[PDB]
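Protein chains in written order, with the entry's author numbering: chain AP, 1 to 80; chain AD, 1 to 199; chain AT, 80 to 101; chain AQ, 60 to 142; chain AL, 1 to 123.
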Amino acid sequence: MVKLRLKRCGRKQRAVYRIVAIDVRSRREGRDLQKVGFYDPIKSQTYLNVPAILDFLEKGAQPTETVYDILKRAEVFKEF
Amino acid sequence: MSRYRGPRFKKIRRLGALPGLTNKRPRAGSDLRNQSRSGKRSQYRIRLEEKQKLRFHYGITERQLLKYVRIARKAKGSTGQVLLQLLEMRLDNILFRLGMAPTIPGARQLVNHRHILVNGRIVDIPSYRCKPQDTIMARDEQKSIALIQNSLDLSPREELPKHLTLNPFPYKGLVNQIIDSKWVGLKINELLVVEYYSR
Amino acid sequence: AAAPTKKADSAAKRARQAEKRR
Amino acid sequence: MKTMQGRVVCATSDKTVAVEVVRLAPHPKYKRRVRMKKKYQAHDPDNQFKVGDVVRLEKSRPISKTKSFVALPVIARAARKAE
Amino acid sequence: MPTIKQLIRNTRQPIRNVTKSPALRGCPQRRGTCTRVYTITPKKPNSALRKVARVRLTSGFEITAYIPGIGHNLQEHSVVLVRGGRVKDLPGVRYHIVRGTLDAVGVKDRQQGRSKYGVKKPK
RNA sequence: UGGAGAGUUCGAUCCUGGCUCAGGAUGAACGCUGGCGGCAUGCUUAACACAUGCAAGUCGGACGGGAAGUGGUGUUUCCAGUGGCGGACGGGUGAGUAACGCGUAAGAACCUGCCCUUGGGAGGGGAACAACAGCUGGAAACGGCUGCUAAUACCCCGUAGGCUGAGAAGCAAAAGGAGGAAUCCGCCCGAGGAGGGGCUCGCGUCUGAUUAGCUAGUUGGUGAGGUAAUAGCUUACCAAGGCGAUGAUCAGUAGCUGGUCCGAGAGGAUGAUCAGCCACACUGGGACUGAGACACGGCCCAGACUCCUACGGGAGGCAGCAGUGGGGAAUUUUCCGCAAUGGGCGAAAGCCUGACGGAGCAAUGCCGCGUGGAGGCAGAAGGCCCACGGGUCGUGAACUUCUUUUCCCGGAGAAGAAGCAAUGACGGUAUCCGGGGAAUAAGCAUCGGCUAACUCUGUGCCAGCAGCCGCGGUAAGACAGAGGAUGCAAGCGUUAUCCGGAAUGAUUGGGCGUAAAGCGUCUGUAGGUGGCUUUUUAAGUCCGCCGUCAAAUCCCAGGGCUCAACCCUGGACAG
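Next comes the structure, spelled out in structure tokens:
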């Protein structure tokens, strides 16, 4: 199946963390079919594209732990 | 080695021109001769001795200079002038033209021993490129040293370069803009050095 | 060191269950 | 689906016609036209199209491993060598 | 230039390429045991007593090699290491010897080139 | 925003032309030397043979239980066993394969666990079975009988949109379990979505034609058989074709690509690391289970090896991580952790996880810093040259004031943790404050010309040098040592290898009277090219637009680690 999370591109101490749209039967840092948005830990840079989200979640995509919390930190996912 | 150690005024001699590796030393070259007519230097000699004059003045290596001339060649604008842009923006060279240090090899030690502050933050790296509107100043702890006080005691009378503006009392110097062709006062032809790397 | 009781990882267990499904 | 034109060279086969497609295309390294010719085994269950006819071939359901194309229309008649 | 329509028919392409010194599968250096250590005379302009040794490589080939410097200690059972460079004065010799490695000793009392010839630092 | 050459074939000149060198690069080795830090990288030679440990397990909110540990006086939790899901994910190698493997662009005859949208159903029964128990064959492995037993183990019956069929009609599904005054999860069928995986077609995909012939299910057509599915995939029969010089077949070699290196570009050489795809995993062969692997850590058979044996008979295979032997010029700690990201399982907790996150070894490379700074003599010793009247090494050093990064020592101490009894391997972390003292830290190559840099001795075609032209037979700046100088830098030099220089295969870029070069001359098929006018087509071509050209490289502009390397946004480009 397909799910939402974050990969790894930046090695060592600087863990930048990538975008997402990947299968569970694939790799930790491999092939990604579509792009969305990411966040940087030791910075104020928080993207997360909203029109890409909810459009991918309607067709069997599972929202797992890491894509969450950073979702509610922004103005998306609330009682609206 | 990062910066040449040993004989400094051996390169102020031989080459003909007189750079600032120390303060001021005689015009004549080495050995018993050299005060008379020298031999006819080849076409490749004028490209080799002119680049070694620019390499020694700033106290930079061949490995670090190779990057500053290649990135300046890939960038837009006059190549011959943008070699002197990224080389003058170094924290060890802007410190010589500020009046805080008597020479360039002594200015690298000043930046390395944590005496200089850039925009409030402390920088140790001499090969750091100083962008415009930056405040190059001294530290509050290193304000009481006798070497920093003696070098800035001779500065209120002498005129500093037009691309810089120093204020004698608070010991800070600001960099307004980029250095151009007629603003450089060095005895080097920038068209002979760019012709060497492209053999 | 070795354990006081006897044990053996049966690779024939996954084969017997595969023969039962067959 | 893709459509390619060509002349029939062989007709001595049961419900199968050998169509030779000529294609002119310029070389990406050079400049001039390089002509390539490959023969396709088309399907003809009505055995109407004989040798010499120029027919257009469209993509369809594979009736065999070599055959995958069918001959639907006809632009011109016999353009072959005289007997 | 050969015409454009003949360049599609024939198409110009280089050869399989011949090597200057066959040191196997792109290997910089090769090991081997010396079979016979002899002395041979040079070409037409030179006249000296040059020391050459036939090295039996790890592949099974027995090619000649030149010994640099003054004085050596290579016997009939010495395991040497070759370099790969021509001398162009002695016919057949396409290899050189790296001294200071394995059974090959370095040149005594040499103060100049210590990187090559395999000499240590004198205190 | 990109394109410098020179030496050598002559008495000499101008051409032609081969060779050689200056450059960059390489997952490199060797020799000399050797202060650190950041990031990356590391059997490229035997896909050789492998000790040991580890690399996949998890659920009792599916069951009959309870051999451990902790409470209470039976609940957590849980060794085995039944059952569910995952072992066809991830990791590694590239041997094989020039092939419908790969890359680009299209197509039809499809399947598809977990997830998701919609509709209906989920009733009522049966017979066993491990675990366990009593015996029992064997060295061991592995088991052999009898009896007892549960479930989301299995098999009927009832019902049924779907399926088969022109139609009428015929016919097939089930699991229950948990917290709570009825919620959650799961089960069965069908119709979709998504994602993944098959199959079809065309182009481009190495070299040699002193391999030109190749091919019987071989090509195709009817009929049955078969697959999830088209189909010679298959069988019988009929036709006899099918492939090829725009070069099949055969032989040698080889994973493909995004890209990488060089280059002005074109092009050439490759494709290590990262990522997509394919293939293999002791060798050869085969099938089973399952949605999917005919499947590294699964099974069965055979073979070569290794090991055990009460020789009757059995157990394994690292092209997973770390390591051993061996080969080799050469390539590392049998370390720590789940903390972070991810994978498996579970309504969770949590467990498993050398994937991975980190550390360790190695100057393998890239980048940054450091090993001292200023001041100092009339140029001190001591060396080298000397016409000995001096000069040079030399401000070099000593001598003086000064600052002390990094290394060392002591005290603090950001963030990567979001979760959320406050949860980290890395960490005596980054970084910051202070204290000794320059105190602990440089060499290597070269010096005839291209090549940037000189003489004096010794030797003396002797010993030796050497990329090329060439040096050495007594005064050779091209041998050996010294003084000095040049270049570079903890790197330097050498070697190997690709590209550049080679407009010396030239498509952009060359030539054939004499330098290499028109075949001895004609006819002529295929092929290439083809006068003039109008109309038409518009295929080529050209314009615009819509898809795709994965991401990451490269490039432009802009950010974050004190700079840089490195990391990163958007755009550009992907011709």
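Idealized CB from N, CA, C, for every residue including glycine.
Using the beta-carbon count (16 or more within 10 Å), is residue i buried or exposed?
i: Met137 (chain AD); result: buried
i: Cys34 (chain AL); result: buried
i: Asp92 (chain AD); result: buried
i: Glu50 (chain AD); result: buried
i: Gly59 (chain AD); result: buried
i: residue 228 (chain AD); result: Shown here, chain AD extends from 1 to 199; a query on residue 228 (chain AD) therefore has no answer.
i: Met1 (chain AL); result: exposed
i: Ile116 (chain AD); result: buried
i: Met1 (chain AP); result: exposed
i: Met100 (chain AD); result: buried
i: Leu131 (chain AQ); result: exposed
i: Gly65 (chain AQ); result: buried
i: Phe80 (chain AP); result: exposed
i: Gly173 (chain AD); result: buried
i: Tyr38 (chain AL); result: exposed
i: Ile15 (chain AL); result: exposed
How many Å lie between residue i and residue j at the Cα?
i: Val16 (chain AP); j: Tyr68 (chain AP); result: 17 Å
i: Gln52 (chain AD); j: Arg45 (chain AD); result: 11 Å
i: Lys43 (chain AP); j: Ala52 (chain AP); result: 23 Å
i: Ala141 (chain AQ); j: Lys74 (chain AQ); result: 24 Å
i: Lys40 (chain AD); j: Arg14 (chain AD); result: 14 Å
i: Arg86 (chain AL); j: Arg73 (chain AD); result: 40 Å
i: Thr62 (chain AQ); j: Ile134 (chain AQ); result: 13 Å
i: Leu95 (chain AD); j: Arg33 (chain AD); result: 37 Å
i: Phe56 (chain AP); j: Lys35 (chain AP); result: 11 Å
i: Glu29 (chain AP); j: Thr66 (chain AP); result: 15 Å
i: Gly37 (chain AP); j: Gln177 (chain AD); result: 38 Å
i: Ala70 (chain AQ); j: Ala84 (chain AQ); result: 28 Å
i: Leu33 (chain AP); j: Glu190 (chain AD); result: 50 Å
i: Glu75 (chain AP); j: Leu48 (chain AP); result: 11 Å
i: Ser89 (chain AT); j: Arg25 (chain AP); result: 28 Å
i: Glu141 (chain AD); j: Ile148 (chain AD); result: 12 Å
i: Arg25 (chain AD); j: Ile12 (chain AD); result: 8 Å
i: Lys143 (chain AD); j: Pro170 (chain AD); result: 10 Å
i: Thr64 (chain AP); j: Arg5 (chain AP); result: 6 Å
How about residue i: is its Cβ closer than 7 Å to a heavy atom in the ligand NAP?
i: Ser72 (chain AQ); result: Here there are no bound small molecules, and the ligand NAP is not part of this structure.
Select from the options the residue whose C-alpha is nearest the C-alpha of residue i.
i: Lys7 (chain AP); options: AP:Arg18, AP:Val76, AP:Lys35 and AP:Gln45; result: AP:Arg18
i: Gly84 (chain AL); options: AL:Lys5, AL:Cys27 and AL:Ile15; result: AL:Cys27
i: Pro126 (chain AD); options: AD:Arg55, AD:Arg108 and AD:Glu141; result: AD:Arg108
i: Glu62 (chain AL); options: AL:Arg31, AL:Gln111, AL:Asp109 and AL:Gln6; result: AL:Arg31
i: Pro104 (chain AQ); options: AQ:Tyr89, AQ:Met60 and AQ:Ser72; result: AQ:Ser72
i: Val123 (chain AD); options: AD:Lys131, AD:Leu152 and AD:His113; result: AD:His113
i: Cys130 (chain AD); options: AD:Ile145, AD:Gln142, AD:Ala146 and AD:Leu164; result: AD:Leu164
i: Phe56 (chain AD); options: AD:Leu21, AD:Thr79 and AD:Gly77; result: AD:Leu21
i: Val175 (chain AD); options: AD:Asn119, AD:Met1 and AD:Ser38; result: AD:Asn119
i: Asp23 (chain AP); options: AP:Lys3, AP:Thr64 and AP:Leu54; result: AP:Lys3
i: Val20 (chain AP); options: AP:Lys72, AP:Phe77, AP:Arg73 and AP:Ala61; result: AP:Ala61
i: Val81 (chain AQ); options: AQ:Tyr89, AQ:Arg91 and AQ:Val67; result: AQ:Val67
i: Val114 (chain AQ); options: AQ:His86, AQ:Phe128, AQ:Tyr89 and AQ:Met60; result: AQ:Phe128
Q: Return the residues of the stretch 68-102 of chain AQ that lie within a Cβ-Cβ distance of less than 9 Å from chain AL, sorted by chain order.
A: Those would be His86, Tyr89, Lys90, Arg91 and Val93, in chain order.
Q: Check whether the stretch 103-120 of chain AL touches the stretch 67-82 of chain AL, counting contact only when three or more Cβ pairs, one atom from each stretch, lie closer than 8 Å.
A: With a cut-off of 8 Å on Cβ pairs, the stretch 103-120 of chain AL is in contact with the stretch 67-82 of chain AL, counting three or more such pairs.
**Q.** Segment contact, 8 Å Cβ cut-off, at least three pairs: the stretch 12-24 of chain AL with the stretch 79-97 of chain AL
**A.** yes
Q: Decide if the stretch 45-56 of chain AL is in contact with the stretch 64-72 of chain AL; the criterion is three or more beta carbon pairs, one per stretch, under 8 Å apart.
A: Three or more beta-carbon pairs drawn from the stretch 45-56 of chain AL and the stretch 64-72 of chain AL are found closer than 8 Å, and the two stretches are therefore classed as touching.
Q: Flag this pair as touching only if the stretch 91-98 of chain AQ and the stretch 114-130 of chain AQ have three or more C-beta atom pairs under 8 Å; answer yes or no.
A: Contact between the stretch 91-98 of chain AQ and the stretch 114-130 of chain AQ is absent, because fewer than three Cβ pairs lie under 8 Å.
Q) Does the count of Cβ pairs from the stretch 78-92 of chain AD and the stretch 167-185 of chain AD closer than 8 Å reach three? A) yes
Q) Do three or more CB pairs link the stretch 74-85 of chain AQ to the stretch 99-108 of chain AQ at distances below 8 Å? A) yes
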